[PDB]
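Numbering of residues begins at 1 and proceeds along the displayed sequence. These values consider heavy atoms only, across backbone and side chains, with no hydrogens, waters or symmetry-generated copies.
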Amino acid sequence: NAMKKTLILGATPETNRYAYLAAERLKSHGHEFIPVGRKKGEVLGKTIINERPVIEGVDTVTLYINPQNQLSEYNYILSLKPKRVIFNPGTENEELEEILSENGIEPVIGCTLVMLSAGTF
């Protein structure tokens with residue numbers, strides 16, 4: 001499948017964390033990744049964006065923040081108007097899924113890593 005501009009929400013420099021693993025797989029697959037979150041640092045050469053700039057052309061938001069922490073991000077996710085939002089394990093949030101799909105954004109429950117391997121990313 002095609003290259004997709006992918007924003008990682010919950011990006012972290014900690015190499016054992018799934019948001020880091022995702023950046024590595026996205027990158028090695030050739031997707032442009034954009035690291036956004038509250039943690040300070042750099043992920044594979046990119047400063048993690050600690051503000052919330054409205055970046056144009058995001059295809060996929062891939063979520064690595066827990067449902068409690070998502071509350072403060074709903075309107076930001078909406079303002080990005082992505083084609084798809086991925087709920088990785090432990091981020092599932094039925095309210096946010098409905099709000100997305102209501103607004104014509106496809107919620108997808110799966111693991112970004114599995115999806116890249118399976119060919120369904």
Side-chain angles (χ1 to χ4, degrees):
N1 194 354
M3 299 312 92
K4 305 182 172 175
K5 176 142 76 192
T6 301
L7 188 146
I8 308 175
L9 189 59
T12 174
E14 300 152 311
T15 62
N16 62 304
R17 296 302 300 276
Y18 275 62
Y20 192 92
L21 304 177
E24 287 185 317
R25 297 292 90 226
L26 285 160
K27 179 173 160 126
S28 66
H29 277 90
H31 304 280
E32 166 175 31
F33 77 96
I34 304 165
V36 181
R38 63 164 165 169
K39 272 153 171 200
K40 299 259 167 229
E42 101 164 33
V43 174
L44 309 160
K46 289 166 167 260
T47 302
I48 302 170
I49 300 161
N50 296 139
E51 300 69 40
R52 300 294 182 271
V54 183
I55 291 160
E56 286 175 313
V58 176
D59 178 286
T60 295
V61 173
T62 189
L63 284 178
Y64 289 95
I65 41 165
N66 68 38
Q68 280 159 326
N69 293 328
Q70 287 167 26
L71 263 42
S72 57
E73 308 287 345
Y74 281 13
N75 288 339
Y76 179 60
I77 295 157
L78 292 178
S79 79
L80 294 170
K81 296 186 101 203
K83 301 189 80 177
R84 171 179 64 180
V85 175
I86 303 172
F87 295 75
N88 304 284
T91 69
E92 295 84 348
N93 178 351
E94 184 163 278
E95 162 178 70
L96 179 58
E97 299 161 34
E98 291 178 21
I99 288 172
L100 290 167
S101 56
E102 251 170 42
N103 284 268
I105 300 163
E106 190 194 21
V108 167
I109 285 115
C111 167
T112 302
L113 312 183
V114 173
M115 289 163 72
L116 280 156
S117 279
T120 62
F121 188 86

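Counting heavy atoms from C-beta outward, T15 and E24 have side chains that stay 4.5 Å or more apart. Two residues are said to be in side-chain contact when any heavy atoms from C-beta on lie closer than 4.5 Å; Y18 and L113 meet this criterion. Proximity of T120 to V108: side-chain heavy atoms (C-beta onward) are nowhere separated by under 4.5 Å. A heavy-atom distance below 4.5 Å is not found between the side chains of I48 and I8.
Summarising the geometry, atom OG1 belonging to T47 is positioned 10.0 Å from atom NZ belonging to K40; distances are rounded to the nearest 0.5 Å. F121 contributes atom CZ, which lies 6.0 Å from atom OG1 of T112 (distance to the nearest 0.5 angstrom). Going from atom CG of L100 over to atom CD of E95 covers 10.5 Å, rounded to the nearest 0.5 Å. Here NZ of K5 is found 5.0 Å from CD1 of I34. Values are rounded to the nearest 0.5 Å. Going from atom CD1 of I77 over to atom CD1 of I99 covers 9.5 Å, rounded to the nearest 0.5 Å. Between the CG atom in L21 and the CG atom in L26 there is a gap of 11.0 Å [rounded to 0.5 Å].
Each of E106, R84, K83 was compared with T60 under the side chain to side chain donor-acceptor pair (under 3.5 Å) criterion, and only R84 meets it. Applying the side-chain contact (heavy atoms from CB on, under 4.5 Å) test between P82 and each of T6, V61, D59 identifies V61 as the sole match. Residue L7 is tested with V85, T62, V58 for a side-chain contact (heavy atoms from CB on, under 4.5 Å); the sole match is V58.
The two residues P89 and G110 have their closest heavy-atom pair at CD-O, 3.9 Å. Of all heavy-atom pairs spanning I105 and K81, the tightest one is CD1-CA, 4.5 Å. Between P35 and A11 the shortest heavy-atom distance is CB-CB, 3.5 Å. Residues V43 and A23 approach most closely at CG1-CB, 3.6 Å, considering heavy atoms.
In the hydrophobic clustering of ILVMFWY residues, with side-chain heavy atoms under 4.5 Å counting as a link, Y64 and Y74 come out apart. Taking hydrophobic clusters as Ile, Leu, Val, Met, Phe, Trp and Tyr residues chained together by side-chain heavy-atom distances below 4.5 Å, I109 shares a cluster with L9. Criterion: ILVMFWY side-chain heavy atoms under 4.5 Å apart, direct or through other members. Under it, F33 and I49 are not part of a common hydrophobic cluster. Placement of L80 and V36 within a single hydrophobic cluster is found when ILVMFWY residues are connected by side-chain heavy-atom separations under 4.5 Å, directly or transitively.
Legend: residues meeting side chain to side chain contact (heavy atoms under 4.5 Å, CB included) with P67, ordered by chain and number and at least two apart, are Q70, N93.
With hydrogens and angles ignored, the 3.5 Å screen pairs a side-chain donor or acceptor of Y76 with a backbone N or O of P53. Of the possible donor and acceptor atoms, one in the side chain of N88 sits under 3.5 Å from a partner among the backbone N and O of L63. Checked by atom type and distance alone, the side chain of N66 pairs as donor or acceptor with a backbone atom of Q68 at under 3.5 Å.
Residue pairs meeting the side chain to side chain donor-acceptor pair (under 3.5 Å) criterion with at least one partner in residues 27-39, sequence neighbours excluded, are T12-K39, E14-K39, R25-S28.
Hydrophobic cluster of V114: no remaining members, since no ILVMFWY side chain lies below 4.5 Å from it.
Atom CZ of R17 sits in a sparse spot, with 12 or fewer heavy atoms from other residues, nucleotides or ligands closer than 6.0 Å. Atom OH of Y20 has more than 12 neighbouring heavy atoms from other residues, nucleotides or ligands inside a 6.0 Å radius.
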